[PDB]
>>> print(open('upload.pdb').read())   # PDB, N, CA and C atoms
ATOM      1  N   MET M   1       1.150  -3.570 -28.239
ATOM      2  CA  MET M   1       1.168  -4.757 -29.144
ATOM      3  C   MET M   1       0.198  -5.810 -28.631
ATOM      4  N   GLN M   2      -0.300  -6.635 -29.548
ATOM      5  CA  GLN M   2      -1.179  -7.758 -29.221
ATOM      6  C   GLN M   2      -0.339  -8.970 -28.818
ATOM      7  N   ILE M   3      -0.742  -9.640 -27.741
ATOM      8  CA  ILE M   3      -0.267 -10.981 -27.444
ATOM      9  C   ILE M   3      -1.461 -11.892 -27.205
ATOM     10  N   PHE M   4      -1.202 -13.199 -27.226
ATOM     11  CA  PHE M   4      -2.189 -14.243 -26.970
ATOM     12  C   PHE M   4      -1.848 -14.936 -25.653
ATOM     13  N   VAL M   5      -2.878 -15.330 -24.914
ATOM     14  CA  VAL M   5      -2.711 -16.116 -23.693
ATOM     15  C   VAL M   5      -3.595 -17.361 -23.829
ATOM     16  N   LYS M   6      -2.947 -18.511 -24.014
ATOM     17  CA  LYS M   6      -3.637 -19.794 -24.209
ATOM     18  C   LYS M   6      -3.861 -20.437 -22.861
ATOM     19  N   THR M   7      -5.133 -20.600 -22.488
ATOM     20  CA  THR M   7      -5.488 -21.241 -21.215
ATOM     21  C   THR M   7      -5.692 -22.741 -21.399
ATOM     22  N   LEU M   8      -5.862 -23.471 -20.306
ATOM     23  CA  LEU M   8      -6.035 -24.914 -20.408
ATOM     24  C   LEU M   8      -7.451 -25.340 -20.721
ATOM     25  N   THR M   9      -8.361 -24.382 -20.820
ATOM     26  CA  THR M   9      -9.755 -24.725 -21.096
ATOM     27  C   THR M   9     -10.098 -24.764 -22.583
ATOM     28  N   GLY M  10      -9.161 -24.394 -23.456
ATOM     29  CA  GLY M  10      -9.460 -24.318 -24.878
ATOM     30  C   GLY M  10      -9.620 -22.880 -25.352
ATOM     31  N   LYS M  11      -9.690 -21.951 -24.398
ATOM     32  CA  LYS M  11      -9.835 -20.537 -24.718
ATOM     33  C   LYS M  11      -8.475 -19.882 -24.841
ATOM     34  N   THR M  12      -8.295 -19.107 -25.902
ATOM     35  CA  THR M  12      -7.149 -18.218 -26.012
ATOM     36  C   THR M  12      -7.668 -16.810 -25.987
ATOM     37  N   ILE M  13      -7.132 -15.991 -25.096
ATOM     38  CA  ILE M  13      -7.534 -14.604 -25.096
ATOM     39  C   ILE M  13      -6.425 -13.724 -25.621
ATOM     40  N   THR M  14      -6.813 -12.545 -26.071
ATOM     41  CA  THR M  14      -5.856 -11.560 -26.537
ATOM     42  C   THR M  14      -5.716 -10.455 -25.505
ATOM     43  N   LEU M  15      -4.532  -9.848 -25.462
ATOM     44  CA  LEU M  15      -4.256  -8.698 -24.594
ATOM     45  C   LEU M  15      -3.509  -7.658 -25.392
ATOM     46  N   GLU M  16      -3.692  -6.394 -25.038
ATOM     47  CA  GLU M  16      -2.879  -5.292 -25.550
ATOM     48  C   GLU M  16      -1.914  -4.889 -24.440
ATOM     49  N   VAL M  17      -0.615  -4.969 -24.725
ATOM     50  CA  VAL M  17       0.434  -4.763 -23.731
ATOM     51  C   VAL M  17       1.609  -4.011 -24.351
ATOM     52  N   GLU M  18       2.520  -3.525 -23.513
ATOM     53  CA  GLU M  18       3.795  -2.983 -23.970
ATOM     54  C   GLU M  18       4.909  -3.896 -23.438
ATOM     55  N   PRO M  19       6.012  -4.084 -24.219
ATOM     56  CA  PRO M  19       7.134  -4.890 -23.693
ATOM     57  C   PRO M  19       7.702  -4.403 -22.347
ATOM     58  N   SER M  20       7.528  -3.130 -22.033
ATOM     59  CA  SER M  20       7.977  -2.592 -20.753
ATOM     60  C   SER M  20       7.031  -2.868 -19.582
ATOM     61  N   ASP M  21       5.877  -3.487 -19.830
ATOM     62  CA  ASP M  21       4.958  -3.841 -18.753
ATOM     63  C   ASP M  21       5.507  -4.994 -17.907
ATOM     64  N   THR M  22       5.234  -4.956 -16.605
ATOM     65  CA  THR M  22       5.642  -6.058 -15.733
ATOM     66  C   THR M  22       4.703  -7.264 -15.876
ATOM     67  N   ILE M  23       5.215  -8.429 -15.497
ATOM     68  CA  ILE M  23       4.377  -9.621 -15.446
ATOM     69  C   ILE M  23       3.207  -9.429 -14.480
ATOM     70  N   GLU M  24       3.435  -8.739 -13.364
ATOM     71  CA  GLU M  24       2.345  -8.422 -12.447
ATOM     72  C   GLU M  24       1.229  -7.651 -13.146
ATOM     73  N   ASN M  25       1.595  -6.681 -13.974
ATOM     74  CA  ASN M  25       0.613  -5.892 -14.712
ATOM     75  C   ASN M  25      -0.173  -6.766 -15.689
ATOM     76  N   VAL M  26       0.522  -7.662 -16.371
ATOM     77  CA  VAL M  26      -0.149  -8.569 -17.285
ATOM     78  C   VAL M  26      -1.152  -9.462 -16.538
ATOM     79  N   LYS M  27      -0.773 -10.002 -15.390
ATOM     80  CA  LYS M  27      -1.705 -10.817 -14.618
ATOM     81  C   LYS M  27      -2.922 -10.004 -14.167
ATOM     82  N   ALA M  28      -2.704  -8.736 -13.827
ATOM     83  CA  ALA M  28      -3.824  -7.859 -13.478
ATOM     84  C   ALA M  28      -4.766  -7.667 -14.681
ATOM     85  N   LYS M  29      -4.187  -7.531 -15.877
ATOM     86  CA  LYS M  29      -4.997  -7.432 -17.093
ATOM     87  C   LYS M  29      -5.802  -8.691 -17.368
ATOM     88  N   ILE M  30      -5.199  -9.850 -17.127
ATOM     89  CA  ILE M  30      -5.916 -11.114 -17.284
ATOM     90  C   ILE M  30      -7.063 -11.199 -16.284
ATOM     91  N   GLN M  31      -6.833 -10.730 -15.066
ATOM     92  CA  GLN M  31      -7.898 -10.686 -14.079
ATOM     93  C   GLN M  31      -9.027  -9.769 -14.551
ATOM     94  N   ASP M  32      -8.675  -8.595 -15.061
ATOM     95  CA  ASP M  32      -9.693  -7.660 -15.538
ATOM     96  C   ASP M  32     -10.548  -8.267 -16.640
ATOM     97  N   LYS M  33      -9.903  -8.952 -17.571
ATOM     98  CA  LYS M  33     -10.595  -9.470 -18.740
ATOM     99  C   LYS M  33     -11.349 -10.770 -18.474
ATOM    100  N   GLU M  34     -10.756 -11.665 -17.684
ATOM    101  CA  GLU M  34     -11.271 -13.024 -17.504
ATOM    102  C   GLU M  34     -11.698 -13.344 -16.080
ATOM    103  N   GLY M  35     -11.331 -12.497 -15.122
ATOM    104  CA  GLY M  35     -11.732 -12.687 -13.736
ATOM    105  C   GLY M  35     -10.866 -13.624 -12.913
ATOM    106  N   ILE M  36      -9.759 -14.090 -13.484
ATOM    107  CA  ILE M  36      -8.881 -15.033 -12.800
ATOM    108  C   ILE M  36      -7.973 -14.307 -11.794
ATOM    109  N   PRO M  37      -8.033 -14.677 -10.498
ATOM    110  CA  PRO M  37      -7.152 -14.012  -9.532
ATOM    111  C   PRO M  37      -5.670 -14.194  -9.871
ATOM    112  N   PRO M  38      -4.867 -13.118  -9.775
ATOM    113  CA  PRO M  38      -3.440 -13.224 -10.100
ATOM    114  C   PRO M  38      -2.680 -14.310  -9.347
ATOM    115  N   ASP M  39      -3.016 -14.585  -8.088
ATOM    116  CA  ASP M  39      -2.232 -15.567  -7.342
ATOM    117  C   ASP M  39      -2.451 -16.994  -7.866
ATOM    118  N   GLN M  40      -3.476 -17.204  -8.695
ATOM    119  CA  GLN M  40      -3.696 -18.505  -9.316
ATOM    120  C   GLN M  40      -3.002 -18.641 -10.660
ATOM    121  N   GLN M  41      -2.473 -17.548 -11.199
ATOM    122  CA  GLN M  41      -1.949 -17.556 -12.563
ATOM    123  C   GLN M  41      -0.460 -17.942 -12.613
ATOM    124  N   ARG M  42      -0.154 -19.055 -13.285
ATOM    125  CA  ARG M  42       1.211 -19.432 -13.602
ATOM    126  C   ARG M  42       1.359 -19.210 -15.096
ATOM    127  N   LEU M  43       2.182 -18.231 -15.478
ATOM    128  CA  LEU M  43       2.414 -17.905 -16.890
ATOM    129  C   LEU M  43       3.722 -18.506 -17.352
ATOM    130  N   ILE M  44       3.723 -19.095 -18.545
ATOM    131  CA  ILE M  44       4.878 -19.774 -19.123
ATOM    132  C   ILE M  44       5.116 -19.264 -20.542
ATOM    133  N   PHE M  45       6.380 -18.994 -20.858
ATOM    134  CA  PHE M  45       6.774 -18.634 -22.210
ATOM    135  C   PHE M  45       8.145 -19.203 -22.487
ATOM    136  N   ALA M  46       8.306 -19.869 -23.627
ATOM    137  CA  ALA M  46       9.601 -20.401 -24.030
ATOM    138  C   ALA M  46      10.230 -21.228 -22.914
ATOM    139  N   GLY M  47       9.398 -22.051 -22.288
ATOM    140  CA  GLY M  47       9.843 -23.003 -21.283
ATOM    141  C   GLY M  47      10.140 -22.403 -19.921
ATOM    142  N   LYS M  48       9.866 -21.109 -19.764
ATOM    143  CA  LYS M  48      10.198 -20.368 -18.549
ATOM    144  C   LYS M  48       8.936 -19.931 -17.831
ATOM    145  N   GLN M  49       8.909 -20.096 -16.519
ATOM    146  CA  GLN M  49       7.842 -19.533 -15.709
ATOM    147  C   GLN M  49       8.121 -18.045 -15.472
ATOM    148  N   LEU M  50       7.150 -17.188 -15.764
ATOM    149  CA  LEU M  50       7.352 -15.744 -15.697
ATOM    150  C   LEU M  50       7.205 -15.201 -14.271
ATOM    151  N   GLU M  51       8.126 -14.310 -13.906
ATOM    152  CA  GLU M  51       8.236 -13.762 -12.553
ATOM    153  C   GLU M  51       7.602 -12.373 -12.477
ATOM    154  N   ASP M  52       6.755 -12.152 -11.462
ATOM    155  CA  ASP M  52       5.933 -10.936 -11.353
ATOM    156  C   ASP M  52       6.683  -9.624 -11.531
ATOM    157  N   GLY M  53       7.878  -9.513 -10.947
ATOM    158  CA  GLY M  53       8.615  -8.256 -10.962
ATOM    159  C   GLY M  53       9.430  -7.955 -12.216
ATOM    160  N   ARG M  54       9.505  -8.911 -13.126
ATOM    161  CA  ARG M  54      10.215  -8.725 -14.386
ATOM    162  C   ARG M  54       9.257  -8.170 -15.438
ATOM    163  N   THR M  55       9.789  -7.780 -16.595
ATOM    164  CA  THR M  55       8.973  -7.267 -17.691
ATOM    165  C   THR M  55       8.857  -8.272 -18.846
ATOM    166  N   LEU M  56       7.889  -8.045 -19.717
ATOM    167  CA  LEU M  56       7.750  -8.864 -20.918
ATOM    168  C   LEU M  56       9.050  -8.829 -21.743
ATOM    169  N   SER M  57       9.661  -7.652 -21.842
ATOM    170  CA  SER M  57      10.905  -7.488 -22.596
ATOM    171  C   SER M  57      12.018  -8.354 -22.039
ATOM    172  N   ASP M  58      12.048  -8.550 -20.719
ATOM    173  CA  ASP M  58      13.113  -9.358 -20.108
ATOM    174  C   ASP M  58      13.106 -10.795 -20.671
ATOM    175  N   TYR M  59      11.927 -11.272 -21.079
ATOM    176  CA  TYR M  59      11.744 -12.623 -21.611
ATOM    177  C   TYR M  59      11.710 -12.674 -23.142
ATOM    178  N   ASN M  60      12.009 -11.549 -23.779
ATOM    179  CA  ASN M  60      11.977 -11.456 -25.236
ATOM    180  C   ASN M  60      10.584 -11.771 -25.798
ATOM    181  N   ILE M  61       9.540 -11.346 -25.099
ATOM    182  CA  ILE M  61       8.193 -11.551 -25.586
ATOM    183  C   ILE M  61       7.891 -10.453 -26.615
ATOM    184  N   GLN M  62       7.653 -10.872 -27.863
ATOM    185  CA  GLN M  62       7.407  -9.950 -28.963
ATOM    186  C   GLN M  62       5.943  -9.979 -29.423
ATOM    187  N   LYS M  63       5.601  -9.098 -30.358
ATOM    188  CA  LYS M  63       4.227  -9.011 -30.845
ATOM    189  C   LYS M  63       3.762 -10.366 -31.347
ATOM    190  N   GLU M  64       2.509 -10.676 -31.037
ATOM    191  CA  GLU M  64       1.824 -11.880 -31.512
ATOM    192  C   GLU M  64       2.369 -13.168 -30.859
ATOM    193  N   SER M  65       3.190 -13.015 -29.820
ATOM    194  CA  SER M  65       3.638 -14.127 -28.967
ATOM    195  C   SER M  65       2.452 -14.781 -28.255
ATOM    196  N   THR M  66       2.579 -16.065 -27.928
ATOM    197  CA  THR M  66       1.599 -16.766 -27.110
ATOM    198  C   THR M  66       2.201 -17.181 -25.757
ATOM    199  N   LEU M  67       1.577 -16.717 -24.683
ATOM    200  CA  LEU M  67       1.885 -17.176 -23.336
ATOM    201  C   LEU M  67       0.938 -18.312 -22.969
ATOM    202  N   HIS M  68       1.389 -19.218 -22.117
ATOM    203  CA  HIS M  68       0.541 -20.286 -21.601
ATOM    204  C   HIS M  68       0.162 -19.954 -20.173
ATOM    205  N   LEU M  69      -1.125 -20.066 -19.860
ATOM    206  CA  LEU M  69      -1.621 -19.839 -18.522
ATOM    207  C   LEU M  69      -2.125 -21.126 -17.904
ATOM    208  N   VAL M  70      -1.462 -21.558 -16.834
ATOM    209  CA  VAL M  70      -1.893 -22.725 -16.075
ATOM    210  C   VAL M  70      -2.361 -22.248 -14.708
ATOM    211  N   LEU M  71      -3.490 -22.759 -14.223
ATOM    212  CA  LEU M  71      -3.966 -22.329 -12.912
ATOM    213  C   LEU M  71      -3.398 -23.204 -11.801
ATOM    214  N   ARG M  72      -2.958 -22.562 -10.720
ATOM    215  CA  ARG M  72      -2.465 -23.268  -9.538
ATOM    216  C   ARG M  72      -3.630 -23.807  -8.734
TER     217      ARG M  72
END
>>> encode(input="upload.pdb", output="structure tokens")
Amino acid sequence: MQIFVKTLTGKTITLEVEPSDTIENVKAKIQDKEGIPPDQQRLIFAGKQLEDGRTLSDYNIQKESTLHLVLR
């Protein structure tokens, strides 16, 4: 499924992911696409900071959802 990741620079990128993917995997995908190191990535959805070892499904992230990416 497609999701959106809205960064603080004005850029929103798209990713192809599965709800069973871990947050760590998603951060690795963001690194692949945009070059941002995972340890700098703070991901937020529905007021919650996302934890590396959990999955997208754990946070009820569905198709066409938007995550917020803030850099540490």
>>> resolve_selection(input="upload.pdb", expression="the PyMOL selection byres ((chain M and resi 65) around 6)", output="list in words")
residues 2, 3, 4, 62, 63, 64, 66 and 67 of chain M
>>> residues_around(input="upload.pdb", residues="region 38-47 of chain M", least_positions_apart="5", cutoff="8 Å", atoms="only N, CA and C atoms", output="number ranges by chain")
M: 24, 26-28, 30-32, 59, 61, 66-72
>>> closest_residue(input="upload.pdb", among="M:37, M:12, M:25, M:19", to="residue 57 (chain M)", atoms="only N, CA and C atoms")
M:19
>>> residues_around(input="upload.pdb", residues="residue 51 (chain M)", least_positions_apart="2", cutoff="6.5 Å", atoms="all atoms listed in the file", output="ChimeraX atom specification")
/M:23-24,49,53-54
>>> select_by_dssp(input="upload.pdb", residues="chain M", states="helix (DSSP H, G or I)", output="ChimeraX atom specification")
/M:23-34,38-40,57-59
>>> atom_distance(input="upload.pdb", atom1="CA of residue 56 (chain M)", atom2="CA of residue 16 (chain M)")
12.1 Å
>>> closest_residue(input="upload.pdb", among="M:5, M:13, M:18, M:36", to="residue 60 (chain M)", atoms="only C-alpha atoms")
M:18
>>> select_by_dssp(input="upload.pdb", residues="region 3-58 of chain M", states="strand (DSSP E)", output="ChimeraX atom specification")
/M:3-7,12-16,41-45,48-49
